[PDB]
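Have a look at the structure below, then the notes.
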Amino acid sequence: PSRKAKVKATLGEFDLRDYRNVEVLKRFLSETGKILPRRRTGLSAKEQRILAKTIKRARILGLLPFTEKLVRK
Amino acid sequence: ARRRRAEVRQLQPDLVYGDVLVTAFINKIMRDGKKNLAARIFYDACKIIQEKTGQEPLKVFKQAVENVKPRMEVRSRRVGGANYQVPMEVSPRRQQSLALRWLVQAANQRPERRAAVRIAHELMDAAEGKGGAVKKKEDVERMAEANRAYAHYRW
Amino acid sequence: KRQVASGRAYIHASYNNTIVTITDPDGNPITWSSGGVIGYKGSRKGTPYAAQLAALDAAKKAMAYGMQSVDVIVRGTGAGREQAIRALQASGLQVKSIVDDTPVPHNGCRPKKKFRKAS
RNA sequence: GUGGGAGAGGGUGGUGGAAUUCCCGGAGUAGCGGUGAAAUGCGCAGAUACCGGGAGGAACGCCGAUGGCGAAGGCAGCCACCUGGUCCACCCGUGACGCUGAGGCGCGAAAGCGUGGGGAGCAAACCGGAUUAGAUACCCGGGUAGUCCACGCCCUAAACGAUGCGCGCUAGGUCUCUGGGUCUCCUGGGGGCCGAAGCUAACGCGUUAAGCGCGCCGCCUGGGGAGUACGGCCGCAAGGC
Ligand SMILES: [K+]
Ligand SMILES: [K+]
Ligand SMILES: [K+]
Ligand SMILES: [K+]
Ligand SMILES: [K+]
Ligand SMILES: [Mg+2]
Ligand SMILES: [Mg+2]
Ligand SMILES: [Mg+2]
Ligand SMILES: [Mg+2]
Ligand SMILES: [Mg+2]
Ligand SMILES: [Mg+2]
Ligand SMILES: [Mg+2]
Ligand SMILES: [Mg+2]
Ligand SMILES: [Mg+2]
Ligand SMILES: [Mg+2]
Ligand SMILES: [Mg+2]
Ligand SMILES: [Mg+2]
Ligand SMILES: [Mg+2]
Ligand SMILES: [Mg+2]
Ligand SMILES: [Mg+2]
Ligand SMILES: [Mg+2]
Ligand SMILES: [Mg+2]
Ligand SMILES: [Mg+2]
Ligand SMILES: [Mg+2]
Ligand SMILES: [Mg+2]
Ligand SMILES: [Mg+2]
Ligand SMILES: [Mg+2]
Ligand SMILES: [Mg+2]
Ligand SMILES: [Mg+2]
Ligand SMILES: [Mg+2]
Ligand SMILES: [Mg+2]
Ligand SMILES: [Mg+2]
Ligand SMILES: [Mg+2]
Ligand SMILES: [Mg+2]
Ligand SMILES: [Mg+2]
Ligand SMILES: [Mg+2]
Ligand SMILES: [Mg+2]
Ligand SMILES: [Mg+2]
Ligand SMILES: [Mg+2]
Ligand SMILES: [Mg+2]
Ligand SMILES: [Mg+2]
Ligand SMILES: [Mg+2]
Ligand SMILES: [Mg+2]
Ligand SMILES: [Mg+2]
Ligand SMILES: [Mg+2]
Ligand SMILES: [Mg+2]
Ligand SMILES: [Mg+2]
Ligand SMILES: [Mg+2]
Ligand SMILES: [Mg+2]
């Protein structure tokens, strides 16, 4: 049910369309480089749809990873 | 037993040593419902245990039964269309049952003339770690743990 | 004869076989094992017990090179992956970390008919 | 008209990473693979597994959904350019300029055809291995056309909501996409579920009507024969109407 924390509530005022701000978009990625679902980010449809493309832009720029490796399995 | 759990029968204690295991061995020796003949055979075998071994026959009997008890066995299981020999542990009651049954069966395989000599010699050899019953235990613990690859079919 | 004393451990676990490759921190292998290296020949290689045997055999082969601490890397969803994990975990070798690096594509190539109804 | 909005709507060019295959090198040893179990197969010319580098083609993981867009087929990495549709607010302009639509014209998944190119993965036919009483199959190892691109054909479908288009009227509740606003909520458009009246043979439909009406087009008239024959038109052919 993802009752741990919502990423939006765990954050303040920020730009969703900024593809250069890494230290905020890192919080929206999972342990792997994958994009978190709606239940984890706590965003809306429009917010999530914008976050997706901005994260992809940051990935292509080389700031965010495409995929990572799981640890402690 | 499908509906219930099939509780175990409690046996009367032995009329001499007061051990229910002795009575169970009497019953495994019993044939055609002859309790007196089976008790005669077993008590004469106990008389043979002494004057051949200085130890009391109760200790020899219990130690032999402990030496015959198998730790793991192997049951067949139908998986994926084939039939596999799956190894798994053994409940203590089945350990006792198999031990006594193997003792009796291996005793009747001996070349000794009369029954009491057979039971006595089998008990002694099983106590000191040899005989047909210990061979049966080793064969079962070989079959099991010889198919260790199927241990995940435990169920 | 290299005396590595520290390296990596790749576990390729599939439904048909589990195979362990013990390498150095640069990735170059030292020894290895699998279900076929052990007496198992057919389907018995895709067994957790066979995976344990392969892991322990590779570990003992690595002991000859005097290796103590390892870094485990898991690839592939197959029976006996966690069994090889637990085998290497207490085998004289110190396990420093376990990492799952199963290669997942981004829907690049068309799978075989056996793996279809997906992309 | 003015001001705004969302979108995998379309076309062109460029570009990103994961993975598969192949090649080069390093390291490394006796099998890998595959199945219900196997064998063909590949491996001492050094495979599999591992690391690094390189080439090429194809599809875009998470986001992603019961979501969005389009008239339908259908559309999913990212960026840019060109471009279509559509929705809302203001009540500004024209002043019935509207609806439908036989023909015509255009679009039209996949497969297929022509010319040229490309060809990594997959894979009709086919070559084998198994299974079986047999196995021209399911299972396994290979593999050509093809899948891909350009241009030109082909016009089919469970082309499906099995429900033609437009407008008006007729209880609501709930979920959701997207605007606007006095932003508990109201209002408008779109996607779902439950249900008033009513309809239906029933299942079910029920402001996204299959209800109540109106306009226009398409089509049906027992089953087989048969979407066959003949004829015509279209097509390079397969074949289609
Ligand atoms: K061979
Ligand atoms: K849809
Ligand atoms: K060709
Ligand atoms: K039709
Ligand atoms: K609003
Ligand atoms: Mg016997
Ligand atoms: Mg195998
Ligand atoms: Mg587009
Ligand atoms: Mg090489
Ligand atoms: Mg092969
Ligand atoms: Mg080959
Ligand atoms: Mg050969
Ligand atoms: Mg040689
Ligand atoms: Mg390879
Ligand atoms: Mg490579
Ligand atoms: Mg090439
Ligand atoms: Mg999805
Ligand atoms: Mg729509
Ligand atoms: Mg469709
Ligand atoms: Mg006016
Ligand atoms: Mg006027
Ligand atoms: Mg019209
Ligand atoms: Mg027309
Ligand atoms: Mg077509
Ligand atoms: Mg085509
Ligand atoms: Mg062609
Ligand atoms: Mg060609
Ligand atoms: Mg193939
Ligand atoms: Mg094939
Ligand atoms: Mg064949
Ligand atoms: Mg048959
Ligand atoms: Mg045959
Ligand atoms: Mg051809
Ligand atoms: Mg449909
Ligand atoms: Mg229809
Ligand atoms: Mg309708
Ligand atoms: Mg609505
Ligand atoms: Mg209903
Ligand atoms: Mg009613
Ligand atoms: Mg009803
Ligand atoms: Mg209506
Ligand atoms: Mg008729
Ligand atoms: Mg007909
Ligand atoms: Mg007819
Ligand atoms: Mg036809
Ligand atoms: Mg004709
Ligand atoms: Mg002609
Ligand atoms: Mg034909
Ligand atoms: Mg025809």
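Following the order of the structure tokens, first chain is A, next is B, and so on, with residues numbered from 1 inside each chain and ligands from 1 in the order they appear.
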Using only C-alpha atoms (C1' of nucleotides) and all ligand atoms, find each residue with an atom at most 9 Å away from ligand 41 and format the answer as a VMD selection string. chain D and resid 207 209 211
Next, dump the selected residues to file, keeping only N, CA and C atoms (P, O5', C5', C4', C3', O3' and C1' of nucleotides), as a PDB file, in the first residue's frame.
```pdb
ATOM      1  P     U D 207     -27.144   6.737 -19.021  1.00  0.00           P
ATOM      2  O5'   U D 207     -27.236   8.220 -19.601  1.00  0.00           O
ATOM      3  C5'   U D 207     -27.070   8.472 -20.992  1.00  0.00           C
ATOM      4  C4'   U D 207     -26.751   9.922 -21.274  1.00  0.00           C
ATOM      5  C3'   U D 207     -25.829  10.604 -20.264  1.00  0.00           C
ATOM      6  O3'   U D 207     -24.985  11.532 -20.944  1.00  0.00           O
ATOM      7  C1'   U D 207     -27.880  11.775 -20.382  1.00  0.00           C
ATOM      8  P     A D 209     -25.482   7.484 -26.254  1.00  0.00           P
ATOM      9  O5'   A D 209     -26.470   6.625 -25.344  1.00  0.00           O
ATOM     10  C5'   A D 209     -26.227   5.242 -25.115  1.00  0.00           C
ATOM     11  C4'   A D 209     -27.416   4.381 -25.474  1.00  0.00           C
ATOM     12  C3'   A D 209     -28.211   4.813 -26.712  1.00  0.00           C
ATOM     13  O3'   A D 209     -28.676   3.649 -27.394  1.00  0.00           O
ATOM     14  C1'   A D 209     -29.653   4.661 -24.864  1.00  0.00           C
ATOM     15  P     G D 211     -34.028   1.843 -27.904  1.00  0.00           P
ATOM     16  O5'   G D 211     -34.737   2.607 -26.703  1.00  0.00           O
ATOM     17  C5'   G D 211     -35.375   1.894 -25.655  1.00  0.00           C
ATOM     18  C4'   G D 211     -36.011   2.841 -24.672  1.00  0.00           C
ATOM     19  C3'   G D 211     -36.907   3.906 -25.288  1.00  0.00           C
ATOM     20  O3'   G D 211     -38.223   3.434 -25.517  1.00  0.00           O
ATOM     21  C1'   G D 211     -35.398   4.918 -23.772  1.00  0.00           C
TER      22        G D 211
END
```
Shell around residue C:40 at 8 Å using only C-alpha atoms (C1' of nucleotides), local window under 5 positions removed, as a ChimeraX atom specification:
/C:35,45,50
Saved selection, atoms kept: N, CA, C and O atoms, as a PDB file, in the first residue's frame:
```pdb
ATOM      1  N   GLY C  35      26.448 -27.402 -12.802  1.00  0.00           N
ATOM      2  CA  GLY C  35      25.862 -28.710 -12.575  1.00  0.00           C
ATOM      3  C   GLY C  35      26.498 -29.795 -13.418  1.00  0.00           C
ATOM      4  O   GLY C  35      26.525 -30.963 -13.015  1.00  0.00           O
ATOM      5  N   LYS C  45      20.713 -30.614 -13.236  1.00  0.00           N
ATOM      6  CA  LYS C  45      21.543 -29.425 -13.089  1.00  0.00           C
ATOM      7  C   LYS C  45      20.722 -28.202 -12.701  1.00  0.00           C
ATOM      8  O   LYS C  45      21.249 -27.289 -12.056  1.00  0.00           O
ATOM      9  N   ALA C  50      22.051 -29.132  -6.808  1.00  0.00           N
ATOM     10  CA  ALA C  50      23.146 -29.058  -7.770  1.00  0.00           C
ATOM     11  C   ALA C  50      23.780 -27.674  -7.770  1.00  0.00           C
ATOM     12  O   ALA C  50      25.000 -27.541  -7.918  1.00  0.00           O
TER      13      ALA C  50
END
```
With 12 Å as the cut-off and only C-alpha atoms (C1' of nucleotides) and all ligand atoms counted, what is the closest atom pair between each nearby residue of chain D and ligand 23? Distances in Å to one decimal, ordered by chain and number, as a tab-separated table.
```
residue	atom	partner	partner_atom_place_in_ligand_line	distance
D:100	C1'	ligand 23	1 (Mg)	12.0
D:101	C1'	ligand 23	1 (Mg)	7.9
D:102	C1'	ligand 23	1 (Mg)	8.4
D:103	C1'	ligand 23	1 (Mg)	7.7
D:104	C1'	ligand 23	1 (Mg)	8.0
D:105	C1'	ligand 23	1 (Mg)	8.9
D:106	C1'	ligand 23	1 (Mg)	10.4
D:217	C1'	ligand 23	1 (Mg)	9.6
D:218	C1'	ligand 23	1 (Mg)	10.2
```
Using the selection just defined, write its residues with C-alpha atoms (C1' of nucleotides) as a PDB file, in the first residue's frame.
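To be explicit, this is the file written out as out.pdb:
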```pdb
ATOM      1  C1'   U D 100     -27.509  13.449 -43.984  1.00  0.00           C
ATOM      2  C1'   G D 101     -25.495  11.629 -48.194  1.00  0.00           C
ATOM      3  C1'   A D 102     -26.728   7.068 -53.911  1.00  0.00           C
ATOM      4  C1'   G D 103     -22.153   7.732 -57.087  1.00  0.00           C
ATOM      5  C1'   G D 104     -17.200   9.972 -57.171  1.00  0.00           C
ATOM      6  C1'   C D 105     -12.593  10.701 -54.604  1.00  0.00           C
ATOM      7  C1'   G D 106      -9.181   9.702 -50.615  1.00  0.00           C
ATOM      8  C1'   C D 217     -27.971   6.923 -45.949  1.00  0.00           C
ATOM      9  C1'   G D 218     -26.591   1.454 -45.673  1.00  0.00           C
TER      10        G D 218
END
```
* To do: Around ligand 35, at most 8 Å away and counting only C-alpha atoms (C1' of nucleotides) and all ligand atoms, which residues are there? Put them as a ChimeraX atom specification, please.
  => /D:160-163
Write the residues of the preceding selection, restricted to N, CA, C and O atoms (P, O5', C5', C4', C3', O3' and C1' of nucleotides), as a PDB file, in the first residue's frame.
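The file below, result-v6.pdb, is the result:
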```pdb
ATOM      1  P     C D 160     -15.498  -2.723 -37.107  1.00  0.00           P
ATOM      2  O5'   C D 160     -16.059  -3.038 -35.648  1.00  0.00           O
ATOM      3  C5'   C D 160     -15.886  -2.114 -34.576  1.00  0.00           C
ATOM      4  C4'   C D 160     -15.810  -2.808 -33.235  1.00  0.00           C
ATOM      5  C3'   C D 160     -14.414  -3.261 -32.808  1.00  0.00           C
ATOM      6  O3'   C D 160     -14.321  -3.219 -31.382  1.00  0.00           O
ATOM      7  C1'   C D 160     -15.827  -5.135 -32.956  1.00  0.00           C
ATOM      8  P     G D 161     -14.252  -1.817 -30.596  1.00  0.00           P
ATOM      9  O5'   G D 161     -15.646  -1.737 -29.826  1.00  0.00           O
ATOM     10  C5'   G D 161     -15.814  -2.345 -28.547  1.00  0.00           C
ATOM     11  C4'   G D 161     -17.271  -2.536 -28.187  1.00  0.00           C
ATOM     12  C3'   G D 161     -18.104  -3.315 -29.204  1.00  0.00           C
ATOM     13  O3'   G D 161     -19.108  -4.067 -28.518  1.00  0.00           O
ATOM     14  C1'   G D 161     -19.048  -1.185 -28.896  1.00  0.00           C
ATOM     15  P     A D 162     -19.370  -5.616 -28.871  1.00  0.00           P
ATOM     16  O5'   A D 162     -19.827  -5.608 -30.400  1.00  0.00           O
ATOM     17  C5'   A D 162     -18.870  -5.800 -31.437  1.00  0.00           C
ATOM     18  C4'   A D 162     -19.491  -5.873 -32.810  1.00  0.00           C
ATOM     19  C3'   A D 162     -20.946  -5.426 -32.912  1.00  0.00           C
ATOM     20  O3'   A D 162     -21.168  -4.805 -34.181  1.00  0.00           O
ATOM     21  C1'   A D 162     -20.755  -7.698 -33.569  1.00  0.00           C
ATOM     22  P     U D 163     -20.823  -3.248 -34.408  1.00  0.00           P
ATOM     23  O5'   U D 163     -22.097  -2.472 -33.848  1.00  0.00           O
ATOM     24  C5'   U D 163     -23.223  -2.214 -34.683  1.00  0.00           C
ATOM     25  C4'   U D 163     -24.239  -1.318 -34.012  1.00  0.00           C
ATOM     26  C3'   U D 163     -23.766   0.103 -33.684  1.00  0.00           C
ATOM     27  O3'   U D 163     -24.864   1.012 -33.814  1.00  0.00           O
ATOM     28  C1'   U D 163     -24.490  -0.957 -31.715  1.00  0.00           C
TER      29        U D 163
END
```
Exercise. Got a sec to pull out which chain A residues are within 6 Å of chain C, counting only C-alpha atoms, and send them as a list in words?
Worked result: residues 69, 70, 71, 72 and 73 of chain A
What are the closest atom pairs, with distances in Å to one decimal, for all residues of chain D lying within 12 Å of chain B? Consider only C-alpha atoms (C1' of nucleotides), order rows by chain and residue number, and present the result as CSV.
```
residue,atom,partner,partner_atom,distance
D:35,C1',B:80,CA,11.8
D:36,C1',B:80,CA,5.8
D:37,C1',B:82,CA,8.7
```
Review point. Which residues sit within 12 Å of ligand 45, counting only C-alpha atoms (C1' of nucleotides) and all ligand atoms, listed as a VMD selection string?
Key: chain D and resid 156 to 157 226 to 228 239 to 241
Original post:
Neighbours of ligand 46 within 10 Å, counting only C-alpha atoms (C1' of nucleotides) and all ligand atoms, as JSON, numbers by chain?
Top reply: {"D": [229, 230, 231, 232]}
Would you mind exporting the chosen residues as a PDB file, in the first residue's frame, restricted to C-alpha atoms (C1' of nucleotides)?
```pdb
ATOM      1  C1'   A D 229     -21.013 -20.256 -61.021  1.00  0.00           C
ATOM      2  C1'   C D 230     -21.756 -16.879 -65.152  1.00  0.00           C
ATOM      3  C1'   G D 231     -21.199 -11.727 -66.623  1.00  0.00           C
ATOM      4  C1'   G D 232     -18.904  -7.037 -65.676  1.00  0.00           C
TER       5        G D 232
END
```
Using only C-alpha atoms (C1' of nucleotides), find the residues of chain C whose closest atom to chain D is at most 12 Å away, then write them as JSON, numbers by chain. {"C": [7, 8, 9, 10, 11, 12, 13, 14, 15, 16, 17, 18, 19, 20, 21, 22, 23, 24, 25, 26, 27, 28, 29, 30, 31, 32, 33, 34, 35, 36, 37, 38, 39, 40, 41, 42, 43, 44, 45, 46, 73, 75, 102, 103, 104, 105, 106, 107, 108, 109, 110, 111, 112, 113, 114, 115, 116, 119]}
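With only C-alpha atoms (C1' of nucleotides) and all ligand atoms as the atoms that count, the set of residues no farther than 12 Å from ligand 2 is residues 8, 64, 65, 66, 67, 68, 69, 75, 177, 191 and 192 of chain D.
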Requested in this report: List all protein, DNA and RNA residues that have at least one atom no more than 10 Å from any atom of ligand 27, counting only C-alpha atoms (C1' of nucleotides) and all ligand atoms, and write them as a PyMOL selection string.
Outcome: chain D and resi 114-118+145-146
Take the residues just selected and output them with N, CA and C atoms (P, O5', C5', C4', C3', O3' and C1' of nucleotides) as a PDB file, in the first residue's frame.
```
ATOM      1  P     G D 114       7.122 -10.725 -56.546  1.00  0.00           P
ATOM      2  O5'   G D 114       7.310  -9.299 -57.230  1.00  0.00           O
ATOM      3  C5'   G D 114       6.778  -9.041 -58.520  1.00  0.00           C
ATOM      4  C4'   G D 114       7.045  -7.625 -58.957  1.00  0.00           C
ATOM      5  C3'   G D 114       8.453  -7.110 -58.722  1.00  0.00           C
ATOM      6  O3'   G D 114       9.377  -7.563 -59.696  1.00  0.00           O
ATOM      7  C1'   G D 114       6.887  -5.474 -58.043  1.00  0.00           C
ATOM      8  P     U D 115      10.865  -7.975 -59.256  1.00  0.00           P
ATOM      9  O5'   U D 115      11.619  -6.579 -59.136  1.00  0.00           O
ATOM     10  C5'   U D 115      11.662  -5.688 -60.239  1.00  0.00           C
ATOM     11  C4'   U D 115      12.205  -4.340 -59.844  1.00  0.00           C
ATOM     12  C3'   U D 115      13.410  -4.346 -58.921  1.00  0.00           C
ATOM     13  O3'   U D 115      14.629  -4.638 -59.579  1.00  0.00           O
ATOM     14  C1'   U D 115      11.845  -2.761 -58.150  1.00  0.00           C
ATOM     15  P     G D 116      15.745  -5.517 -58.827  1.00  0.00           P
ATOM     16  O5'   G D 116      16.356  -4.515 -57.751  1.00  0.00           O
ATOM     17  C5'   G D 116      17.061  -3.357 -58.170  1.00  0.00           C
ATOM     18  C4'   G D 116      17.197  -2.338 -57.065  1.00  0.00           C
ATOM     19  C3'   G D 116      17.895  -2.785 -55.794  1.00  0.00           C
ATOM     20  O3'   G D 116      19.303  -2.873 -55.913  1.00  0.00           O
ATOM     21  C1'   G D 116      15.980  -1.535 -55.234  1.00  0.00           C
ATOM     22  P     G D 117      20.107  -3.949 -55.027  1.00  0.00           P
ATOM     23  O5'   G D 117      19.943  -3.423 -53.531  1.00  0.00           O
ATOM     24  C5'   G D 117      20.633  -2.259 -53.099  1.00  0.00           C
ATOM     25  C4'   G D 117      20.106  -1.718 -51.791  1.00  0.00           C
ATOM     26  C3'   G D 117      20.466  -2.481 -50.527  1.00  0.00           C
ATOM     27  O3'   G D 117      21.799  -2.258 -50.100  1.00  0.00           O
ATOM     28  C1'   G D 117      18.198  -1.801 -50.441  1.00  0.00           C
ATOM     29  P     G D 118      22.610  -3.420 -49.339  1.00  0.00           P
ATOM     30  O5'   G D 118      21.848  -3.586 -47.949  1.00  0.00           O
ATOM     31  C5'   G D 118      21.879  -2.554 -46.973  1.00  0.00           C
ATOM     32  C4'   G D 118      20.878  -2.802 -45.872  1.00  0.00           C
ATOM     33  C3'   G D 118      21.073  -4.076 -45.064  1.00  0.00           C
ATOM     34  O3'   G D 118      22.062  -3.945 -44.057  1.00  0.00           O
ATOM     35  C1'   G D 118      18.804  -3.883 -45.686  1.00  0.00           C
ATOM     36  P     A D 145      15.709 -14.506 -47.054  1.00  0.00           P
ATOM     37  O5'   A D 145      14.216 -14.451 -47.608  1.00  0.00           O
ATOM     38  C5'   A D 145      13.946 -14.567 -48.998  1.00  0.00           C
ATOM     39  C4'   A D 145      12.478 -14.794 -49.261  1.00  0.00           C
ATOM     40  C3'   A D 145      11.532 -13.711 -48.758  1.00  0.00           C
ATOM     41  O3'   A D 145      11.439 -12.601 -49.635  1.00  0.00           O
ATOM     42  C1'   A D 145      10.717 -15.825 -48.103  1.00  0.00           C
ATOM     43  P     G D 146      11.694 -11.110 -49.088  1.00  0.00           P
ATOM     44  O5'   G D 146      10.678 -10.957 -47.871  1.00  0.00           O
ATOM     45  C5'   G D 146       9.274 -11.011 -48.076  1.00  0.00           C
ATOM     46  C4'   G D 146       8.543 -11.316 -46.793  1.00  0.00           C
ATOM     47  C3'   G D 146       8.612 -10.242 -45.717  1.00  0.00           C
ATOM     48  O3'   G D 146       7.677  -9.198 -45.917  1.00  0.00           O
ATOM     49  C1'   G D 146       9.104 -12.342 -44.759  1.00  0.00           C
TER      50        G D 146
END
```
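With only C-alpha atoms (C1' of nucleotides) and all ligand atoms as the atoms that count, the set of residues no farther than 12 Å from ligand 30 is residues 40, 126, 127, 128, 129, 130, 131, 135, 136, 137, 138, 139, 140, 141 and 142 of chain D.
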Just the selected residues (C-alpha atoms (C1' of nucleotides)), exported as a PDB file, in the first residue's frame, please.
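Below you can see selection.pdb, which holds the result:
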```pdb
ATOM      1  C1'   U D  40      19.794 -33.550 -32.883  1.00  0.00           C
ATOM      2  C1'   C D 126      12.051 -26.589 -45.594  1.00  0.00           C
ATOM      3  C1'   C D 127      16.452 -29.640 -43.049  1.00  0.00           C
ATOM      4  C1'   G D 128      16.862 -32.472 -38.714  1.00  0.00           C
ATOM      5  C1'   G D 129      15.961 -34.446 -33.181  1.00  0.00           C
ATOM      6  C1'   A D 130      12.078 -36.365 -30.356  1.00  0.00           C
ATOM      7  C1'   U D 131       7.063 -37.972 -29.065  1.00  0.00           C
ATOM      8  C1'   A D 135       3.037 -37.318 -35.833  1.00  0.00           C
ATOM      9  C1'   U D 136       3.242 -34.454 -42.967  1.00  0.00           C
ATOM     10  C1'   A D 137       1.546 -31.562 -35.369  1.00  0.00           C
ATOM     11  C1'   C D 138       2.029 -29.728 -30.443  1.00  0.00           C
ATOM     12  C1'   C D 139       7.997 -30.085 -27.739  1.00  0.00           C
ATOM     13  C1'   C D 140      13.596 -29.258 -29.130  1.00  0.00           C
ATOM     14  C1'   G D 141      18.061 -27.782 -32.632  1.00  0.00           C
ATOM     15  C1'   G D 142      18.634 -25.077 -37.337  1.00  0.00           C
TER      16        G D 142
END
```
Q.
Given only C-alpha atoms (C1' of nucleotides) and all ligand atoms as the basis, pick out the residue of D:94, D:15, D:21, D:200 nearest to ligand 28.
A.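 Smallest separation from ligand 28 among the options: D:21.
Distances here use only C-alpha atoms (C1' of nucleotides); by that measure, the residue among A:64, A:55, A:35, A:43 closest to chain D is A:35.
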### Task
Taking only C-alpha atoms into account, report as an MDAnalysis selection string which residues of chain B lie within 12 Å of chain C.
chainID B and resid 145:153
